[PDB]
file protein_25.cif (mmCIF, C-alpha atoms (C1' of nucleotides))
data_data
loop_
_atom_site.group_PDB
_atom_site.id
_atom_site.type_symbol
_atom_site.label_atom_id
_atom_site.label_comp_id
_atom_site.auth_asym_id
_atom_site.auth_seq_id
_atom_site.Cartn_x
_atom_site.Cartn_y
_atom_site.Cartn_z
ATOM 1 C CA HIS A 1 17.100 -38.485 48.798
ATOM 2 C CA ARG A 2 20.259 -36.954 47.315
ATOM 3 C CA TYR A 3 22.294 -37.929 44.270
ATOM 4 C CA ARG A 4 26.027 -37.809 44.911
ATOM 5 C CA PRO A 5 27.715 -34.901 43.084
ATOM 6 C CA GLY A 6 28.919 -35.838 39.611
ATOM 7 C CA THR A 7 26.237 -38.425 38.780
ATOM 8 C CA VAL A 8 23.540 -36.126 37.385
ATOM 9 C CA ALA A 9 26.280 -34.504 35.302
ATOM 10 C CA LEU A 10 26.976 -37.869 33.665
ATOM 11 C CA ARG A 11 23.232 -38.304 33.148
ATOM 12 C CA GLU A 12 23.054 -34.977 31.298
ATOM 13 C CA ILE A 13 26.128 -35.938 29.256
ATOM 14 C CA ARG A 14 24.290 -39.085 28.170
ATOM 15 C CA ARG A 15 21.106 -37.077 27.568
ATOM 16 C CA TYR A 16 22.577 -34.297 25.432
ATOM 17 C CA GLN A 17 24.922 -36.512 23.392
ATOM 18 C CA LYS A 18 21.925 -38.556 22.188
ATOM 19 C CA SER A 19 20.074 -35.410 21.064
ATOM 20 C CA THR A 20 20.788 -32.814 18.385
ATOM 21 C CA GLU A 21 18.538 -29.841 19.191
ATOM 22 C CA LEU A 22 20.260 -26.520 19.779
ATOM 23 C CA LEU A 23 21.206 -25.733 23.371
ATOM 24 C CA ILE A 24 21.112 -21.913 23.198
ATOM 25 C CA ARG A 25 17.624 -20.415 23.266
ATOM 26 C CA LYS A 26 17.111 -18.674 19.977
ATOM 27 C CA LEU A 27 16.184 -15.069 20.761
ATOM 28 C CA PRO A 28 19.177 -14.053 22.955
ATOM 29 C CA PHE A 29 21.525 -15.542 20.355
ATOM 30 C CA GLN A 30 19.711 -13.709 17.557
ATOM 31 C CA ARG A 31 19.978 -10.432 19.475
ATOM 32 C CA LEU A 32 23.689 -11.050 20.078
ATOM 33 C CA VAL A 33 24.238 -11.669 16.356
ATOM 34 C CA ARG A 34 22.305 -8.502 15.531
ATOM 35 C CA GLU A 35 24.395 -6.454 17.967
ATOM 36 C CA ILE A 36 27.659 -7.848 16.582
ATOM 37 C CA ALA A 37 26.610 -7.223 12.976
ATOM 38 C CA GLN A 38 25.510 -3.654 13.753
ATOM 39 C CA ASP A 39 29.117 -2.690 14.498
ATOM 40 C CA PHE A 40 30.085 -3.661 10.930
ATOM 41 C CA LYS A 41 27.253 -2.045 8.946
ATOM 42 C CA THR A 42 24.047 -0.259 9.927
ATOM 43 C CA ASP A 43 20.357 -0.947 9.266
ATOM 44 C CA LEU A 44 21.028 -4.582 8.383
ATOM 45 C CA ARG A 45 18.458 -7.340 7.925
ATOM 46 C CA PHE A 46 19.004 -11.065 8.488
ATOM 47 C CA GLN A 47 17.355 -14.104 6.966
ATOM 48 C CA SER A 48 16.209 -16.559 9.628
ATOM 49 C CA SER A 49 18.040 -19.293 7.706
ATOM 50 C CA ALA A 50 21.291 -17.312 7.896
ATOM 51 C CA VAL A 51 20.826 -16.849 11.642
ATOM 52 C CA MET A 52 20.102 -20.570 12.070
ATOM 53 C CA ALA A 53 23.242 -21.451 10.107
ATOM 54 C CA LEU A 54 25.244 -19.113 12.334
ATOM 55 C CA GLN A 55 23.845 -20.802 15.442
ATOM 56 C CA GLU A 56 24.561 -24.300 14.119
ATOM 57 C CA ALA A 57 28.156 -23.434 13.229
ATOM 58 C CA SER A 58 28.763 -21.636 16.531
ATOM 59 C CA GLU A 59 27.307 -24.420 18.680
ATOM 60 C CA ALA A 60 29.220 -27.138 16.814
ATOM 61 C CA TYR A 61 32.456 -25.163 17.155
ATOM 62 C CA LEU A 62 31.812 -24.658 20.870
ATOM 63 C CA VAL A 63 31.153 -28.381 21.369
ATOM 64 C CA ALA A 64 34.387 -29.302 19.581
ATOM 65 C CA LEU A 65 36.293 -26.714 21.626
ATOM 66 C CA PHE A 66 34.800 -28.108 24.842
ATOM 67 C CA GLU A 67 35.863 -31.604 23.769
ATOM 68 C CA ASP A 68 39.436 -30.396 23.279
ATOM 69 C CA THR A 69 39.276 -28.502 26.582
ATOM 70 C CA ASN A 70 38.123 -31.620 28.439
ATOM 71 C CA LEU A 71 40.933 -33.620 26.835
ATOM 72 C CA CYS A 72 43.455 -30.971 27.894
ATOM 73 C CA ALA A 73 42.083 -30.901 31.448
ATOM 74 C CA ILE A 74 42.265 -34.702 31.663
ATOM 75 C CA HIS A 75 45.870 -34.518 30.449
ATOM 76 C CA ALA A 76 46.525 -32.353 33.529
ATOM 77 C CA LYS A 77 45.167 -35.170 35.768
ATOM 78 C CA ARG A 78 42.163 -32.870 36.245
ATOM 79 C CA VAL A 79 38.415 -33.320 35.909
ATOM 80 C CA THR A 80 37.314 -29.654 35.840
ATOM 81 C CA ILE A 81 37.907 -27.524 32.761
ATOM 82 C CA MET A 82 39.524 -24.186 33.615
ATOM 83 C CA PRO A 83 40.362 -21.168 31.411
ATOM 84 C CA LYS A 84 43.995 -22.232 30.934
ATOM 85 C CA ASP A 85 42.636 -25.393 29.301
ATOM 86 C CA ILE A 86 40.645 -23.426 26.714
ATOM 87 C CA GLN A 87 43.645 -21.154 26.178
ATOM 88 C CA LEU A 88 46.024 -24.070 25.571
ATOM 89 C CA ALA A 89 43.594 -25.840 23.235
ATOM 90 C CA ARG A 90 43.022 -22.652 21.227
ATOM 91 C CA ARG A 91 46.770 -21.986 21.111
ATOM 92 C CA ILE A 92 47.574 -25.464 19.789
ATOM 93 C CA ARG A 93 44.696 -25.117 17.323
ATOM 94 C CA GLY A 94 46.307 -21.871 16.165
ATOM 95 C CA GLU A 95 43.271 -19.592 16.431
ATOM 96 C CA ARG A 96 44.572 -17.727 19.460
ATOM 97 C CA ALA A 97 48.123 -16.413 19.049
ATOM 98 C "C1'" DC B 1 35.190 -25.379 44.179
ATOM 99 C "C1'" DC B 2 31.571 -27.332 42.499
ATOM 100 C "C1'" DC B 3 27.144 -30.088 42.668
ATOM 101 C "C1'" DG B 4 21.997 -30.745 43.878
ATOM 102 C "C1'" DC B 5 17.956 -28.935 45.591
ATOM 103 C "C1'" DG B 6 14.186 -24.686 47.293
ATOM 104 C "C1'" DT B 7 12.220 -19.698 45.605
ATOM 105 C "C1'" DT B 8 11.262 -15.481 41.999
ATOM 106 C "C1'" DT B 9 10.497 -13.359 37.640
ATOM 107 C "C1'" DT B 10 10.316 -12.739 33.088
ATOM 108 C "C1'" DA B 11 10.855 -13.829 28.921
ATOM 109 C "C1'" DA B 12 8.898 -16.661 24.863
ATOM 110 C "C1'" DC B 13 4.217 -17.740 23.284
ATOM 111 C "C1'" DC B 14 -0.688 -17.009 22.280
ATOM 112 C "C1'" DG B 15 -5.161 -14.646 22.084
ATOM 113 C "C1'" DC B 16 -7.767 -10.367 21.953
ATOM 114 C "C1'" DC B 17 -7.978 -5.582 22.079
ATOM 115 C "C1'" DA B 18 -6.590 -0.633 20.989
ATOM 116 C "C1'" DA B 19 -3.029 3.582 18.929
ATOM 117 C "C1'" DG B 20 -0.778 4.771 14.752
ATOM 118 C "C1'" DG B 21 0.426 4.475 9.750
ATOM 119 C "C1'" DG B 22 -0.199 2.969 4.350
ATOM 120 C "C1'" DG B 23 -3.138 2.144 -0.050
ATOM 121 C "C1'" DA B 24 -7.675 2.605 -3.055
ATOM 122 C "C1'" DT B 25 -11.309 5.584 -3.308
ATOM 123 C "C1'" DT B 26 -13.318 9.980 -2.261
ATOM 124 C "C1'" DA B 27 -14.045 15.254 -0.516
ATOM 125 C "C1'" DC B 28 -12.496 19.524 -2.702
ATOM 126 C "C1'" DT B 29 -9.564 23.121 -5.606
ATOM 127 C "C1'" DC B 30 -6.847 25.056 -9.555
ATOM 128 C "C1'" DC B 31 -5.822 25.158 -14.301
ATOM 129 C "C1'" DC B 32 -7.169 24.217 -18.741
ATOM 130 C "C1'" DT B 33 -10.392 23.227 -22.476
ATOM 131 C "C1'" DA B 34 -14.798 23.423 -24.562
ATOM 132 C "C1'" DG B 35 -19.125 25.457 -25.588
ATOM 133 C "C1'" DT B 36 -22.658 29.682 -25.574
ATOM 134 C "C1'" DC B 37 -25.464 34.910 -25.212
ATOM 135 C "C1'" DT B 38 -25.696 39.454 -25.824
ATOM 136 C "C1'" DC B 39 -24.468 43.924 -27.596
ATOM 137 C "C1'" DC B 40 -22.348 47.225 -30.851
ATOM 138 C "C1'" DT B 41 -26.049 55.569 -30.012
ATOM 139 C "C1'" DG B 42 -30.747 58.846 -30.637
ATOM 140 C "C1'" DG B 43 -32.132 58.741 -34.898
ATOM 141 C "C1'" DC B 44 -34.613 61.044 -39.677
ATOM 142 C "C1'" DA B 45 -35.529 61.014 -45.134
ATOM 143 C "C1'" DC B 46 -35.672 58.688 -49.745
ATOM 144 C "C1'" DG B 47 -35.265 54.863 -53.129
ATOM 145 C "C1'" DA B 48 -35.499 49.803 -55.448
ATOM 146 C "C1'" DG B 49 -36.499 44.124 -55.503
ATOM 147 C "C1'" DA B 50 -39.110 39.742 -54.156
ATOM 148 C "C1'" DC B 51 -46.205 39.033 -57.640
ATOM 149 C "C1'" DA B 52 -42.935 30.790 -55.651
ATOM 150 C "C1'" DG B 53 -42.441 26.375 -59.127
ATOM 151 C "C1'" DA B 54 -43.938 21.228 -60.660
ATOM 152 C "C1'" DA B 55 -46.979 17.704 -61.101
ATOM 153 C "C1'" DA B 56 -51.342 14.576 -60.456
ATOM 154 C "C1'" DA B 57 -56.391 14.347 -60.727
ATOM 155 C "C1'" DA B 58 -61.536 15.741 -61.154
ATOM 156 C "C1'" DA B 59 -64.822 18.527 -63.850
ATOM 157 C "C1'" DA B 60 -66.841 21.530 -68.365
ATOM 158 C "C1'" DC B 61 -67.814 21.329 -72.545
ATOM 159 C "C1'" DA B 62 -66.603 20.787 -77.847
ATOM 160 C "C1'" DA B 63 -67.097 17.065 -80.830
#
call {"tool": "encode", "arguments": {"input": "protein_25.cif", "output": "C-alpha cells"}}
result
Amino acid sequence: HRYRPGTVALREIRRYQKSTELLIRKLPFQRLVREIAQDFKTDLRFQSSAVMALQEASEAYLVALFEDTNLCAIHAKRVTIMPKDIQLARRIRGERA
DNA sequence: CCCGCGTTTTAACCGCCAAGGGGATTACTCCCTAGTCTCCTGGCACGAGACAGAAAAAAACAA
C-alpha cells in the first residue's frame, strides 16, 4: 500500500536519532575540504584524523543548526523549515550579521 | 510544496592485470695512482785487477 506523507519522515527521525554514524559519505566531503583548503595554501596534505574531526564538528554543528531552525519554524506555526528560519536562527546566534 | 514509490548510473570497493617511475646493483668510461721494460751511435787501440775462505774427517807414515 501507501504510507501517508509525514509518517516515514518520523520513522527516519527515530532511526537517525538513535544512531551516531556520520550522514555525509566520506569522499565528497573530503574533496570539498581539499578544495576549500587549496584556496588558502597550495600543495597541502591532510591527516585522515584531521579530516574526520572536521566532519564530526561540521555534522554536529549542522544538526544543532537544524534543531534551532526547526524550533524557529515551529514558532512560526509552521512545520517546514525554510531559508528565513535558518537566517533568523543564525542571526540570533550572532554568526551571520 | 512536499512526500512516497519506479528507473539509471556511477561512484566506492575489491581483485587482478599492465604502463611508468625509484632504489640497490651492475654495464661502462674518465681520471688518477701504482707498478714495469727498454734504450741511450759505428766503433778502434791499449792498459791493470780478481789465482775464494773455513772447517770436519779419512788416510800415510814417523815413532
call {"tool": "interface_residues", "arguments": {"input": "protein_25.cif", "of": "chain A", "to": "chain B", "cutoff": "10 Å", "atoms": "all atoms listed in the file", "output": "tab-separated table (two decimals) with C-alpha atoms, keeping the file's coordinate frame"}}
result
chain	number	residue	atom	x	y	z
A	2	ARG	CA	20.26	-36.95	47.32
A	3	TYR	CA	22.29	-37.93	44.27
A	4	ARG	CA	26.03	-37.81	44.91
A	5	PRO	CA	27.72	-34.90	43.08
A	6	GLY	CA	28.92	-35.84	39.61
A	7	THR	CA	26.24	-38.42	38.78
A	8	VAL	CA	23.54	-36.13	37.38
A	9	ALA	CA	26.28	-34.50	35.30
A	25	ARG	CA	17.62	-20.42	23.27
A	26	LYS	CA	17.11	-18.67	19.98
A	27	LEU	CA	16.18	-15.07	20.76
A	80	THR	CA	37.31	-29.65	35.84
call {"tool": "atom_distance", "arguments": {"input": "protein_25.cif", "atom1": "CA of residue 21 in chain A", "atom2": "CA of residue 46 in chain A"}}
result
21.6 Å
call {"tool": "residues_around", "arguments": {"input": "protein_25.cif", "residues": "residue 67 in chain A", "least_positions_apart": "6", "cutoff": "10 Å", "atoms": "all atoms listed in the file", "output": "CSV table (one decimal) with C-alpha atoms, in the frame of the given file"}}
result
chain,number,residue,atom,x,y,z
A,61,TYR,CA,32.5,-25.2,17.2
A,73,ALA,CA,42.1,-30.9,31.4
A,86,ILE,CA,40.6,-23.4,26.7
A,89,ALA,CA,43.6,-25.8,23.2
call {"tool": "atom_distance", "arguments": {"input": "protein_25.cif", "atom1": "CA of residue 29 in chain A", "atom2": "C1' of residue 8 in chain B"}}
result
24.0 Å
call {"tool": "residues_around", "arguments": {"input": "protein_25.cif", "residues": "residue 84 in chain A", "least_positions_apart": "6", "cutoff": "10 Å", "atoms": "only C-alpha atoms (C1' of nucleotides)", "output": "ChimeraX atom specification"}}
result
/A:69,72-73,90
call {"tool": "atom_distance", "arguments": {"input": "protein_25.cif", "atom1": "CA of residue 47 in chain A", "atom2": "CA of residue 19 in chain A"}}
result
25.7 Å
call {"tool": "resolve_selection", "arguments": {"input": "protein_25.cif", "expression": "the PyMOL selection byres ((chain A and resi 33) around 12)", "output": "PyMOL selection string"}}
result
chain A and resi 26-32+34-40+44-48+50-55+58
call {"tool": "residues_near_point", "arguments": {"input": "protein_25.cif", "point": "(35.8, -32.4, 29.9)", "cutoff": "12 Å", "atoms": "only C-alpha atoms (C1' of nucleotides)", "output": "list in words"}}
result
residues 9, 10, 13, 63, 64, 65, 66, 67, 68, 69, 70, 71, 72, 73, 74, 75, 76, 77, 78, 79, 80, 81, 82, 85 and 86 of chain A
call {"tool": "closest_residue", "arguments": {"input": "protein_25.cif", "among": "A:1, A:62, A:94, A:87", "to": "residue 22 in chain A", "atoms": "all atoms listed in the file"}}
result
A:62
call {"tool": "build_atoms", "arguments": {"input": "protein_25.cif", "residues": "range 4-36 of chain A", "atoms": "N, CA and C atoms", "output": "mmCIF file, in the coordinates of the input"}}
result
data_model
loop_
_atom_site.group_PDB
_atom_site.id
_atom_site.type_symbol
_atom_site.label_atom_id
_atom_site.label_comp_id
_atom_site.auth_asym_id
_atom_site.auth_seq_id
_atom_site.Cartn_x
_atom_site.Cartn_y
_atom_site.Cartn_z
ATOM 1 N N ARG A 4 24.669 -38.247 44.630
ATOM 2 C CA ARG A 4 26.027 -37.809 44.911
ATOM 3 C C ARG A 4 26.513 -36.891 43.793
ATOM 4 N N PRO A 5 27.251 -35.830 44.120
ATOM 5 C CA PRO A 5 27.715 -34.901 43.084
ATOM 6 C C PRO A 5 28.517 -35.616 42.005
ATOM 7 N N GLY A 6 28.239 -35.264 40.752
ATOM 8 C CA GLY A 6 28.919 -35.838 39.611
ATOM 9 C C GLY A 6 28.139 -36.900 38.866
ATOM 10 N N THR A 7 27.038 -37.395 39.431
ATOM 11 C CA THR A 7 26.237 -38.425 38.780
ATOM 12 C C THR A 7 25.225 -37.825 37.807
ATOM 13 N N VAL A 8 24.497 -36.800 38.254
ATOM 14 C CA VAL A 8 23.540 -36.126 37.385
ATOM 15 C C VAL A 8 24.254 -35.477 36.211
ATOM 16 N N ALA A 9 25.497 -35.038 36.412
ATOM 17 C CA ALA A 9 26.280 -34.504 35.302
ATOM 18 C C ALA A 9 26.496 -35.560 34.226
ATOM 19 N N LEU A 10 26.843 -36.784 34.632
ATOM 20 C CA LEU A 10 26.976 -37.869 33.665
ATOM 21 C C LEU A 10 25.643 -38.167 32.993
ATOM 22 N N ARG A 11 24.546 -38.093 33.751
ATOM 23 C CA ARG A 11 23.232 -38.304 33.148
ATOM 24 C C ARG A 11 22.938 -37.270 32.068
ATOM 25 N N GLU A 12 23.254 -35.997 32.326
ATOM 26 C CA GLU A 12 23.054 -34.977 31.298
ATOM 27 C C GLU A 12 23.975 -35.202 30.105
ATOM 28 N N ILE A 13 25.217 -35.625 30.356
ATOM 29 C CA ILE A 13 26.128 -35.938 29.256
ATOM 30 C C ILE A 13 25.514 -36.999 28.353
ATOM 31 N N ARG A 14 24.982 -38.065 28.953
ATOM 32 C CA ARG A 14 24.290 -39.085 28.170
ATOM 33 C C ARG A 14 23.081 -38.497 27.450
ATOM 34 N N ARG A 15 22.320 -37.648 28.142
ATOM 35 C CA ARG A 15 21.106 -37.077 27.568
ATOM 36 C C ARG A 15 21.417 -36.216 26.349
ATOM 37 N N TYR A 16 22.349 -35.274 26.490
ATOM 38 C CA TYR A 16 22.577 -34.297 25.432
ATOM 39 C C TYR A 16 23.345 -34.882 24.254
ATOM 40 N N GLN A 17 24.180 -35.899 24.488
ATOM 41 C CA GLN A 17 24.922 -36.512 23.392
ATOM 42 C C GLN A 17 24.032 -37.363 22.495
ATOM 43 N N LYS A 18 22.882 -37.812 22.995
ATOM 44 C CA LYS A 18 21.925 -38.556 22.188
ATOM 45 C C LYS A 18 20.986 -37.654 21.400
ATOM 46 N N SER A 19 20.976 -36.358 21.691
ATOM 47 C CA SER A 19 20.074 -35.410 21.064
ATOM 48 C C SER A 19 20.858 -34.389 20.248
ATOM 49 N N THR A 20 20.157 -33.732 19.322
ATOM 50 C CA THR A 20 20.788 -32.814 18.385
ATOM 51 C C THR A 20 20.236 -31.398 18.443
ATOM 52 N N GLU A 21 19.163 -31.156 19.194
ATOM 53 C CA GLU A 21 18.538 -29.841 19.191
ATOM 54 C C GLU A 21 19.483 -28.812 19.796
ATOM 55 N N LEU A 22 19.359 -27.571 19.338
ATOM 56 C CA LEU A 22 20.260 -26.520 19.779
ATOM 57 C C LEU A 22 20.079 -26.251 21.268
ATOM 58 N N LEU A 23 21.183 -25.899 21.926
ATOM 59 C CA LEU A 23 21.206 -25.733 23.371
ATOM 60 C C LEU A 23 21.158 -24.280 23.816
ATOM 61 N N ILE A 24 21.271 -23.330 22.894
ATOM 62 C CA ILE A 24 21.112 -21.913 23.198
ATOM 63 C C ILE A 24 19.729 -21.489 22.728
ATOM 64 N N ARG A 25 18.939 -20.922 23.639
ATOM 65 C CA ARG A 25 17.624 -20.415 23.266
ATOM 66 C C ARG A 25 17.768 -19.336 22.207
ATOM 67 N N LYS A 26 16.842 -19.338 21.247
ATOM 68 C CA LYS A 26 17.111 -18.674 19.977
ATOM 69 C C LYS A 26 17.263 -17.168 20.175
ATOM 70 N N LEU A 27 16.280 -16.528 20.813
ATOM 71 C CA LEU A 27 16.184 -15.069 20.761
ATOM 72 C C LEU A 27 17.395 -14.347 21.342
ATOM 73 N N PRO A 28 17.944 -14.724 22.506
ATOM 74 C CA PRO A 28 19.177 -14.053 22.955
ATOM 75 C C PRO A 28 20.322 -14.190 21.968
ATOM 76 N N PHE A 29 20.474 -15.365 21.352
ATOM 77 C CA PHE A 29 21.525 -15.542 20.355
ATOM 78 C C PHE A 29 21.282 -14.655 19.142
ATOM 79 N N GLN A 30 20.031 -14.572 18.690
ATOM 80 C CA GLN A 30 19.711 -13.709 17.557
ATOM 81 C C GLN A 30 20.025 -12.255 17.875
ATOM 82 N N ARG A 31 19.679 -11.806 19.083
ATOM 83 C CA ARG A 31 19.978 -10.432 19.475
ATOM 84 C C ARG A 31 21.482 -10.195 19.553
ATOM 85 N N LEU A 32 22.235 -11.181 20.045
ATOM 86 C CA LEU A 32 23.689 -11.050 20.078
ATOM 87 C C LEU A 32 24.266 -10.927 18.673
ATOM 88 N N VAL A 33 23.789 -11.759 17.744
ATOM 89 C CA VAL A 33 24.238 -11.669 16.356
ATOM 90 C C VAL A 33 23.908 -10.301 15.777
ATOM 91 N N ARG A 34 22.703 -9.804 16.057
ATOM 92 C CA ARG A 34 22.305 -8.502 15.531
ATOM 93 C C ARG A 34 23.188 -7.391 16.081
ATOM 94 N N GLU A 35 23.508 -7.449 17.376
ATOM 95 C CA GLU A 35 24.395 -6.454 17.967
ATOM 96 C C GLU A 35 25.778 -6.506 17.328
ATOM 97 N N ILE A 36 26.323 -7.713 17.157
ATOM 98 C CA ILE A 36 27.659 -7.848 16.582
ATOM 99 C C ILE A 36 27.682 -7.332 15.149
#
